[PDB]
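Visitor: So that we are looking at the same thing, I have put the structure below in structure tokens.
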Amino acid sequence: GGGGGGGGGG
Amino acid sequence: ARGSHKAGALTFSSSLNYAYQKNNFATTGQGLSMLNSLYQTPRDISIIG
Amino acid sequence: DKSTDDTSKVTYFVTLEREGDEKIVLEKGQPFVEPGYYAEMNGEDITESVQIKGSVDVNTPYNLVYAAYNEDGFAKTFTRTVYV
């Protein structure tokens with residue numbers, strides 16, 4: 001498809 | 001090794017090569033990698049420590 | 001030459017446990033006794049260090065705070081309310 005990122009932590 | 005020879009009229013040459021390599025990489029990416037882990041460091045924290 | 005060597009100190013917290021009840025109720029004139037307490041800092045008993053803020057009048061129908069401080073300030077506390 002189109003590759004997914006990931007948000008981090010805070 | 002690369003050699004030629006002439007005897008004629010007729011010439012024959014030959015180039016032969018072997019090439020090795022061994023890489024090790026410091027992986028990148030959004031996961032638990034070395035750089036993505038380095039940049040996520042507060043400005044007051046001592047890395048080398 | 002590098003610059004940013006860690007500068008931390010390792011501080012050791014106090015461990016303060018409780019004896020008895022949190023709330024306690026008595027009748028006018030029935031004296032207040034100390035239920036007790038236990039305080040520990042780096043395995044060294046420091047219970048004699050424990051400060052108790054406030055008091056409890058037995059003849060006026062009261063909350064007491066017990067604290068223990070280590071060698072850098074960081075405390076461990078708990079309350080004991082008493083009524084009459």
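For the structure tokens, the naming scheme is as follows: chains receive sequential letters (A, B, ...) according to their order of presentation, residues are indexed from 1 within each chain, and ligands are indexed from 1 in presentation order.
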What are the closest atom pairs, with distances in Å to one decimal, for all residues of chain A lying within 10 Å of chain B? Consider only C-alpha atoms, order rows by chain and residue number, and present the result as a Markdown table.
Guide:
```
| residue | atom | partner | partner_atom | distance |
| --- | --- | --- | --- | --- |
| A:5 | CA | B:30 | CA | 7.5 |
| A:6 | CA | B:30 | CA | 7.3 |
| A:7 | CA | B:30 | CA | 9.1 |
| A:8 | CA | B:30 | CA | 9.1 |
| A:9 | CA | B:40 | CA | 9.7 |
```
Visitor: Go ahead and dump the residues you just picked, C-alpha atoms, as an mmCIF file, in the first residue's frame.
Guide:
```cif
data_model
loop_
_atom_site.group_PDB
_atom_site.id
_atom_site.type_symbol
_atom_site.label_atom_id
_atom_site.label_comp_id
_atom_site.auth_asym_id
_atom_site.auth_seq_id
_atom_site.Cartn_x
_atom_site.Cartn_y
_atom_site.Cartn_z
ATOM 1 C CA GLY A 5 4.654 5.908 10.377
ATOM 2 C CA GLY A 6 4.149 6.005 14.155
ATOM 3 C CA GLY A 7 3.758 8.955 16.563
ATOM 4 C CA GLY A 8 5.972 8.796 19.689
ATOM 5 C CA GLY A 9 5.656 9.354 23.458
#
```
Visitor: Extract, using only C-alpha atoms, all DNA, RNA and protein residues at most 8 Å from residue 30 in chain C, discarding same-chain residues fewer than 3 positions from it, and format them as an mmCIF file with N, CA, C and O atoms, in the first residue's frame.
Guide:
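Saved the output as part13.cif:
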```cif
data_model
loop_
_atom_site.group_PDB
_atom_site.id
_atom_site.type_symbol
_atom_site.label_atom_id
_atom_site.label_comp_id
_atom_site.auth_asym_id
_atom_site.auth_seq_id
_atom_site.Cartn_x
_atom_site.Cartn_y
_atom_site.Cartn_z
ATOM 1 N N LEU C 26 -10.993 9.699 70.286
ATOM 2 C CA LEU C 26 -10.916 9.533 71.732
ATOM 3 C C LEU C 26 -11.944 10.416 72.431
ATOM 4 O O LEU C 26 -12.519 11.337 71.839
ATOM 5 N N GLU C 27 -12.149 10.125 73.719
ATOM 6 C CA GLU C 27 -12.979 10.920 74.617
ATOM 7 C C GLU C 27 -12.162 11.989 75.328
ATOM 8 O O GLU C 27 -10.989 11.788 75.651
ATOM 9 N N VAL C 58 -6.238 16.997 73.972
ATOM 10 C CA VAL C 58 -7.193 16.010 74.449
ATOM 11 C C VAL C 58 -8.345 16.636 75.230
ATOM 12 O O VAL C 58 -9.388 15.991 75.406
#
```
Visitor: Write out as a JSON list (two decimals) with C-alpha atoms, in the first residue's frame all residues of chain B that backbone DSSP assigns to strand (DSSP E).
Guide:
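Result went into out15.json, see below:
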```json
[["chain", "number", "residue", "atom", "x", "y", "z"],
["B", 2, "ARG", "CA", 44.91, -8.68, -16.42],
["B", 3, "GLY", "CA", 47.11, -9.94, -19.21],
["B", 4, "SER", "CA", 47.24, -9.77, -22.95],
["B", 5, "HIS", "CA", 49.45, -11.51, -25.48],
["B", 6, "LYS", "CA", 49.99, -11.09, -29.21],
["B", 11, "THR", "CA", 45.68, -11.49, -29.75],
["B", 12, "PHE", "CA", 44.21, -12.97, -26.59],
["B", 13, "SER", "CA", 43.73, -11.18, -23.29],
["B", 14, "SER", "CA", 41.95, -11.91, -20.06],
["B", 15, "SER", "CA", 40.86, -9.85, -17.03]]
```
Visitor: Could you please select, counting only C-alpha atoms, the residues of chain C within 8 Å of chain B and state them as a list in words?
Guide: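 Matching residues, ligands excluded from the count: residues 4, 5 and 6 of chain C.
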Visitor: Quick one, how far is CA of residue 80 in chain C from CA of residue 20 in chain C?
Guide: 9.4 Å
Visitor: DSSP on the backbone: what in range 3-37 of chain B comes out alpha helix (DSSP H), as an MDAnalysis selection string?
Guide: chainID B and resid 34:37
Visitor: Please report the interatomic distance between CA of residue 11 in chain C and CA of residue 77 in chain C in Å with one decimal.
Guide: 17.4 Å
Visitor: Can you tell me which residues surround residue 54 in chain C at a distance of at most 10 Å, considering only C-alpha atoms, apart from same-chain residues fewer than 2 positions away, and format the answer as an MDAnalysis selection string?
Guide: chainID C and resid 51:52 56:57 62:66
Visitor: Write out the residues from the selection above, keeping N, CA, C and O atoms, as a PDB file, in the first residue's frame.
Guide:
```pdb
ATOM      1  N   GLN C  51      10.085  13.824  62.248  1.00  0.00           N
ATOM      2  CA  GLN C  51       9.368  14.948  62.826  1.00  0.00           C
ATOM      3  C   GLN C  51       7.861  14.772  62.700  1.00  0.00           C
ATOM      4  O   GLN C  51       7.357  14.264  61.696  1.00  0.00           O
ATOM      5  N   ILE C  52       7.151  15.210  63.735  1.00  0.00           N
ATOM      6  CA  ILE C  52       5.699  15.142  63.823  1.00  0.00           C
ATOM      7  C   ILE C  52       5.196  16.581  63.926  1.00  0.00           C
ATOM      8  O   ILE C  52       5.359  17.228  64.968  1.00  0.00           O
ATOM      9  N   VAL C  56      -2.145  17.354  69.413  1.00  0.00           N
ATOM     10  CA  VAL C  56      -3.538  16.929  69.556  1.00  0.00           C
ATOM     11  C   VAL C  56      -4.044  17.208  70.967  1.00  0.00           C
ATOM     12  O   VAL C  56      -3.743  16.472  71.914  1.00  0.00           O
ATOM     13  N   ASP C  57      -4.815  18.283  71.117  1.00  0.00           N
ATOM     14  CA  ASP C  57      -5.362  18.636  72.423  1.00  0.00           C
ATOM     15  C   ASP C  57      -6.424  17.618  72.814  1.00  0.00           C
ATOM     16  O   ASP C  57      -7.389  17.394  72.076  1.00  0.00           O
ATOM     17  N   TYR C  62      -7.996  16.996  65.256  1.00  0.00           N
ATOM     18  CA  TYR C  62      -6.552  17.188  65.358  1.00  0.00           C
ATOM     19  C   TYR C  62      -5.789  16.261  64.428  1.00  0.00           C
ATOM     20  O   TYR C  62      -5.976  15.052  64.467  1.00  0.00           O
ATOM     21  N   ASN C  63      -4.920  16.831  63.598  1.00  0.00           N
ATOM     22  CA  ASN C  63      -4.192  16.082  62.583  1.00  0.00           C
ATOM     23  C   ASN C  63      -2.697  16.203  62.842  1.00  0.00           C
ATOM     24  O   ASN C  63      -2.197  17.299  63.117  1.00  0.00           O
ATOM     25  N   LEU C  64      -1.989  15.080  62.762  1.00  0.00           N
ATOM     26  CA  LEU C  64      -0.544  15.057  62.936  1.00  0.00           C
ATOM     27  C   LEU C  64       0.114  14.485  61.689  1.00  0.00           C
ATOM     28  O   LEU C  64      -0.356  13.485  61.134  1.00  0.00           O
ATOM     29  N   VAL C  65       1.208  15.125  61.265  1.00  0.00           N
ATOM     30  CA  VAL C  65       1.962  14.769  60.064  1.00  0.00           C
ATOM     31  C   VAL C  65       3.341  14.277  60.490  1.00  0.00           C
ATOM     32  O   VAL C  65       4.056  14.982  61.212  1.00  0.00           O
ATOM     33  N   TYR C  66       3.713  13.071  60.043  1.00  0.00           N
ATOM     34  CA  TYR C  66       5.026  12.481  60.298  1.00  0.00           C
ATOM     35  C   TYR C  66       5.846  12.509  59.022  1.00  0.00           C
ATOM     36  O   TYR C  66       5.393  12.027  57.981  1.00  0.00           O
TER      37      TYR C  66
END
```
Visitor: From the list B:33, B:27, B:21, B:41, which residue is nearest residue 10 in chain A when using only C-alpha atoms?
Guide: B:41
Visitor: Work out how far CA of residue 60 in chain C is from CA of residue 38 in chain C, in Å to one decimal.
Guide: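 Those two atoms sit 29.1 Å apart.
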